[PDB]
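Engineer: Before I ask anything, let me first share the structure, which is written out below as structure tokens.
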Amino acid sequence: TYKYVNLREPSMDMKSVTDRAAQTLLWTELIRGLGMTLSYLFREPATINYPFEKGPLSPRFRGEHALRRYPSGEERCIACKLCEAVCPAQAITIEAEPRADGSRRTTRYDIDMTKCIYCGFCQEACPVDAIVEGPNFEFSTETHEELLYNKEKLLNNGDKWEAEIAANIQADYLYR
Amino acid sequence: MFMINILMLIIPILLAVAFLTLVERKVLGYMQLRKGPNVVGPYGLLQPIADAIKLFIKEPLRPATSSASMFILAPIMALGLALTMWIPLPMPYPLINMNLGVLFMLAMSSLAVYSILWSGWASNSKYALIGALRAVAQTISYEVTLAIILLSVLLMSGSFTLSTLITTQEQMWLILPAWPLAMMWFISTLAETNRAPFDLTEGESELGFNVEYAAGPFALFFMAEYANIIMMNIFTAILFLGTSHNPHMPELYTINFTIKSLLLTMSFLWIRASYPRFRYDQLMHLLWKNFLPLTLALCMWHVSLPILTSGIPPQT
Amino acid sequence: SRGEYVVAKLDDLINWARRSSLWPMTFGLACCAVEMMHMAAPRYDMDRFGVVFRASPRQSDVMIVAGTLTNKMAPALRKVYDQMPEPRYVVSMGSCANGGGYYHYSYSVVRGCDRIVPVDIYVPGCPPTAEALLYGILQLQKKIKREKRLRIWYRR
Amino acid sequence: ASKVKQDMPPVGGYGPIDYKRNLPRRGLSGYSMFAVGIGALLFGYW
Ligand SMILES: CCCCCCCCCCCCCCCCCC(=O)OC[C@H](COP(=O)([O-])OCC[N+](C)(C)C)OC(=O)CCCCCCCCCCCCCCCCC
Ligand SMILES: CCCCCCCCCCCCCCCCCC(=O)OC[C@H](COP(=O)(O)OCCN)OC(=O)CCCCCCCCCCCCCCCCC
Ligand SMILES: CCCCCCCCCCCCCCCCCC(=O)OC[C@H](COP(=O)(O)OCCN)OC(=O)CCCCCCCCCCCCCCCCC
Ligand code: SF4
Ligand code: SF4
Ligand code: SF4
């Protein structure tokens, strides 16, 4: 089905023709537009008072990558390199070797936060919920070099945001 | 004491222009469902002061102008004339009580085109010149209707004295007998001051002439432009919304007259937020094909109407 | 009064004026320009901080690079930067401008705008939220607040 | 025994949603607009 948008025939009776003469001379439809802007002048603005108020987000929000631990304190990552394989930007670099106790653990875990497209594939591929994107979105820097995270920066983030990260994963893991 | 009088007129004008920038940004904001400046001082009352200091300690460009003397003459002329158009305004007593004050304001207003033309030359850019030519052609075209409309109104007043317009409207506003002229006077003032929907200069995607100016020199063009917006709306209120004058309580006149002058200045900001922009060939046709035929016809009507009713005003 | 006291307060007056009236020139090159428009939208309203929506290159104090800088576009960017009257700051918005992002290994993309012009603030994300760019702008304000131009001239 | 729970519309569906253009009609006719305008002029001249 279809409909015409602009296929009307204006009437040519005297009253209709005089109606358009009053509109042309007395600027009726222009003053109709002034009234609409006047109404918005008396509506409550939608502005929020940042930084004291924040915009609503959801548990699925994708922000600053981070490395998590088990409740015992042991790292969750076991250097499987699935995240490094799936990262469409090749923003992840990993090196691993047997640990002193024989565990499969990384010796390098870097994310280039300037190559990263903040897509979330790294946390979908992870089989042990080790690399996650947290809820922090305010981490702008003053130099380019502060955005090249290494394993120490990522483990510090995980310890720093674990209280909020765990609650979000609790709220959404039933959809995953 | 006269020298004190001049300063009591100049400084408040500049302060009014300074806080008009704030009011414009906040009225536009609320018509757009937002707030506007409310962080720099309470309700953004220090925003104008921050902007002024920032511009005057920012390095200016001063490109390789073809003259380098027109580049400095243009803002002097613009600001110098903008302040001069205030001296005959009765509020309710003029600083200078001219007999031909209405004609003085036309004369000084027609000289403001040079600052537009000179700054075009100084920029040394061929394209910047084209923008100056379009702005100049707009200003001269729409001051044809300012002169004829003003003449039509004065036929019901009897003189070019600005304070006689107060006496003329001692029983009724001139908006009532001459509302068709008021409509075309109000729109003609928007075109003169390059205001939306007539701002092709500031209307990017088609052109402005004051593009090479930054810092203090740019602010001088800005201040002159906004002082003309207040002045023309003060002229309109005197012309079409006469305020009764009580010689024993002159402050009563000033309060009522200021409120009208503000409401007409806010109408300029209201109209900017509501409409799109005219095309260059379309605002020229709005003048040479719509306003001018009506203005000429109404001029004939207003020359004859006083005669055929026995209502010619006194010469004095 | 001491000279070191007048200079300290004069530095605070010029810093206050400069950080309270940042007029940005936005280079909207790619998707990151959309998020920059949402910072001007009613929800966040950059204008209420003194940050005007649009400014011309010669009336502007900060350049926001929002999108992918290609090799065919780089000379135009440097030209606009050189014509900005000083003081001038550059904010790098998004992964593309910071380091090339998703197109880092492309033949036609400059790997980071910081090898074409100096950069003061890097805003990460792809794209950064409109509340993340706003946080970066307010971080540039505090950086300007720490400037001590007059206190260093007085000790020369 | 726990039933399946996923986002679903309420029983009976959601209420109706308006989508058509609704620019209403306001103001007087051309004849009356011109009558009021001429009337104002006549009083002004008098
Ligand atoms: C008894 C004797 C009586 C004698 C006098 C009788 C007079 C009868 C009435 C005559 C008509 C009245 C003249 C009205 C002016 C018409 C001008 C015109 O050209 O109209 C067509 C023009 C253009 O007409 P057009 O573009 O639609 O088309 C023209 C013709 N064709 C189709 C061939 C191209 O309208 C405009 O002027 C455009 C307006 C631009 C936007 C202005 C924004 C308006 C904002 C609201 C301001 C409200 C006024 C505020 C005043 C405040 C004052 C204090
Ligand atoms: C008409 C234009 C012509 C005049 C040009 C303008 C000059 C007059 C301006 C008057 C208002 C400014 C008052 C005088 C200057 C004093 C400002 C000042 O010293 O504020 C200090 C205070 C911060 O000081 P401190 O805490 O010690 O430093 C911490 C640094 N991290 O700063 C603070 O944060 C305190 C918070 C209050 C600061 C703002 C002052 C109140 C705002 C008043 C608004 C009304 C005045 C503006 C409108 C009229 C125009 C002048
Ligand atoms: C197709 C029709 C086109 C329209 C035709 C003309 C319409 C009728 C005239 C109105 C238009 C002209 C404007 C005249 C303004 C007059 C204002 C008014 O109406 O006031 C009436 C007033 C009342 O008397 P007043 O003096 O106030 O009483 C107190 C004395 N102590 O008394 C006065 O004001 C003084 C009297 C003024 C009379 C002037 C008009 C006479 C014209 C001849 C009448 C015939 C109309 C023309 C016909 C040909 C049209 C082509
Ligand atoms: S969010 Fe996507 S692009 Fe960024 S590190 Fe994770 S997988 Fe790589
Ligand atoms: S997918 Fe998880 S476990 Fe595997 S290397 Fe990446 S972070 Fe470590
Ligand atoms: S950083 Fe992301 S959102 Fe911004 S331009 Fe590049 S791909 Fe688009």
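Engineer: Residues in the stretch A:109-125: is at least one in contact with a strand residue (DSSP E or B) (Cβ under 7 Å, 6 or more places away or on another chain), within 11 Å of ligand 4 (Cβ to nearest atom), within 7 Å of chain C (Cβ to nearest Cβ) and more than 26 Å from residue A:167 (Cα to Cα)?
Structural biologist: Yes, the stretch A:109-125 has at least one match.
Engineer: Would you be able to say whether some residue in the stretch A:153-173 is in a loop (DSSP other than H, G, I, E, B), more than 16 Å from ligand 1 (Cβ to nearest atom) and either within 26 Å of residue C:137 (Cβ to Cβ) or within 14 Å of another protein chain (Cβ to nearest Cβ) (or both)?
Structural biologist: no
Engineer: Listed residues C:43, C:78, C:54; which is part of a loop (DSSP other than H, G, I, E, B), surrounded by fewer than 20 Cβ atoms within 10 Å (Cβ to Cβ) and away from chain A (no Cβ under 13 Å)?
Structural biologist: C:54
Engineer: Would you be able to say whether some residue in the stretch C:25-34 is crowded, with 19+ Cβ neighbours inside 10 Å, within 30 Å of residue C:76 (Cβ to Cβ) and facing chain B (nearest Cβ under 9 Å)?
Structural biologist: So far as the stretch C:25-34 goes, no, none of its residues is crowded, with 19+ Cβ neighbours inside 10 Å, within 30 Å of residue C:76 (Cβ to Cβ) and facing chain B (nearest Cβ under 9 Å).
Engineer: Please work out which one of (1) more than 30 Å from residue C:144 (Cβ to Cβ); (2) surrounded by fewer than 19 Cβ atoms within 10 Å (Cβ to Cβ); (3) in contact with a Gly (Cβ under 7 Å, 6 or more places away or on another chain) is the condition residue A:159 fails and give its number.
Structural biologist: Every condition holds for residue A:159 apart from (3).
Engineer: If you don't mind, there's one more thing I want to ask. Within the stretch C:81-122, restricting attention to residues that are part of a helix (DSSP H, G or I) and away from chain A (no Cβ under 12 Å), which residue is farthest from ligand 6 (Cβ to nearest atom)?
Structural biologist: Selected residue: C:82.
Engineer: Could you please let me know if residue B:58 is within 30 Å of residue C:43 (Cα to Cα), over 19 Å from the mean Cα position of the chain (by Cα) and of a type in the set (D, E, K, R)?
Structural biologist: Numbers: within 30 Å of residue C:43 (Cα to Cα): no; over 19 Å from the mean Cα position of the chain (by Cα): yes; of a type in the set (D, E, K, R): yes.
Judged against the criteria, residue B:58 is not a match.
Engineer: Still on this model: Would you tally the residues in the stretch B:223-256 being touching a helix residue (DSSP H, G or I) at 6+ places or on another chain (Cβ under 9 Å) and more than 18 Å from residue B:17 (Cβ to Cβ)?
Structural biologist: Residues meeting the conditions: 10.
Engineer: A further question on this structure: Working carefully through the options B:172, B:184, find the one that is assigned to a loop (DSSP other than H, G, I, E, B) and more than 24 Å from residue B:75 (Cα to Cα).
Structural biologist: B:172
Engineer: Exactly one condition in (1) more than 20 Å from the chain's Cα centre (by Cα); (2) within 19 Å of residue A:169 (Cβ to Cβ) is not met by residue A:118; state its number.
Structural biologist: (1) is the only condition that residue A:118 fails.
Engineer: I need every pair where a residue in the stretch A:77-91 that is at positive phi and of a type in the set (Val, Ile, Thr) has its Cβ under 9 Å from the Cβ of a residue that is surrounded by 14 or more Cβ atoms within 10 Å (Cβ to Cβ) and not in a loop (DSSP other than H, G, I, E, B), sequence separation at least 6 or different chains.
Structural biologist: So the pair list comes out empty.
Engineer: Let me ask another. List the pairs whose first member sits in the stretch C:94-110 and is under 16 Å from residue A:141 (Cβ atoms), whose second member is basic (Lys, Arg), and whose Cβ atoms are under 7 Å apart, counting only residues at least 6 apart or on separate chains?
Structural biologist: Within 7 Å, the pairs are C:95/A:115; C:99/A:115; C:99/C:111; C:101/A:115.
Engineer: Could you check, for the stretch A:34-43, whether at least one of its residues is part of a loop (DSSP other than H, G, I, E, B), over 30 Å from residue D:34 (Cα atoms) and more than 16 Å from ligand 4 (Cβ to nearest atom)?
Structural biologist: From the stretch A:34-43, those part of a loop (DSSP other than H, G, I, E, B) are A:42-43; that's our starting set.
Now drop any that are not over 30 Å from residue D:34 (Cα atoms), which leaves A:42-43.
If we keep only those that are more than 16 Å from ligand 4 (Cβ to nearest atom) as well, we get A:42-43.
Yes, the stretch A:34-43 has at least one match.
Engineer: Does residue D:28 satisfy the criteria of being more than 16 Å from ligand 5 (Cβ to nearest atom), more than 22 Å from residue A:32 (Cβ to Cβ) and surrounded by 10 or more Cβ atoms within 10 Å (Cβ to Cβ)?
Structural biologist: When the stated conditions are applied, residue D:28 does not pass them.
Engineer: Among the residues of the stretch C:97-120, write down those that are closer than 22 Å to residue A:133 by Cβ and buried (at least 22 other Cβ atoms within 10 Å of the Cβ). Walk me through how you get there before you give the answer.
Structural biologist: Initial filter on the stretch C:97-120 (closer than 22 Å to residue A:133 by Cβ): C:97-104.
C:97, C:98, C:99, C:100, C:101 - these are the residues of the stretch C:97-120 that are closer than 22 Å to residue A:133 by Cβ and buried (at least 22 other Cβ atoms within 10 Å of the Cβ).
Engineer: Does residue B:207 satisfy the condition of being of a type outside the set (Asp, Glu), surrounded by 15 or more Cβ atoms within 10 Å (Cβ to Cβ) and more than 14 Å from chain C (Cβ to nearest Cβ)?
Structural biologist: no
Engineer: Restricting attention to chain D, which residues are of a type in the set (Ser, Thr, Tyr) and either within 22 Å of residue A:23 (Cα to Cα) or within 16 Å of ligand 2 (Cβ to nearest atom) (or both)?
Structural biologist: D:29, D:31, D:32
Listed here are the residues, each with its yes/no results for (1) surrounded by fewer than 17 Cβ atoms within 10 Å (Cβ to Cβ); (2) within 22 Å of residue A:29 (Cβ to Cβ); (3) within 16 Å of ligand 5 (Cβ to nearest atom).
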{"residue": "B:268", "(1), (2), (3)": "no, yes, no"}
{"residue": "B:275", "(1), (2), (3)": "yes, yes, no"}
{"residue": "B:290", "(1), (2), (3)": "yes, yes, no"}
{"residue": "B:295", "(1), (2), (3)": "no, no, no"}
{"residue": "B:303", "(1), (2), (3)": "yes, no, no"}
{"residue": "B:308", "(1), (2), (3)": "yes, no, no"}
{"residue": "B:313", "(1), (2), (3)": "yes, no, no"}
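Engineer: Is it fair to say residue B:128 is small (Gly, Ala, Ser) and within 14 Å of chain D (Cβ to nearest Cβ)?
Structural biologist: no
Engineer: Here is a follow-up. List, please: which pairs have Cβ atoms under 7 Å, are six or more places apart or on different chains, and start with a residue in the stretch B:154-173 that is more than 14 Å from chain D (Cβ to nearest Cβ) and end with one that is outside any loop (DSSP other than H, G, I, E, B) and β-branched (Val, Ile, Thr)?
Structural biologist: Qualifying pairs under 7 Å: B:154/B:102; B:158/B:164; B:160/B:102; B:162/B:102; B:162/B:238; B:165/B:238.
Engineer: When the stretch B:25-48 is examined, which residues are found to be facing chain C (nearest Cβ under 8 Å), on the phi < 0 side of the Ramachandran plot and of a type in the set (A, V, I, L, M)?
Structural biologist: Those that are facing chain C (nearest Cβ under 8 Å), on the phi < 0 side of the Ramachandran plot and of a type in the set (A, V, I, L, M): B:39, B:40, B:46.
Engineer: Would you mind finding the one in A:91, A:130, A:66 that is away from ligand 3 (no atom under 16 Å from the Cβ), of a type outside the set (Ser, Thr, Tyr), within 21 Å of the chain's Cα centre (by Cα) and within 12 Å of chain C (Cβ to nearest Cβ)? Don't jump to the end; show me each part of the working.
Structural biologist: On the way: A:130 fails: within 12 Å of chain C (Cβ to nearest Cβ); A:66 fails: within 12 Å of chain C (Cβ to nearest Cβ).
Sole residue among the options that is away from ligand 3 (no atom under 16 Å from the Cβ), of a type outside the set (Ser, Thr, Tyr), within 21 Å of the chain's Cα centre (by Cα) and within 12 Å of chain C (Cβ to nearest Cβ): A:91.
Taken together, the values in this text are just the output of simple stated rules run on the coordinates, not laboratory data. Neighbour counts run over all protein chains shown; Cβ positions are idealised from the backbone, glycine included.
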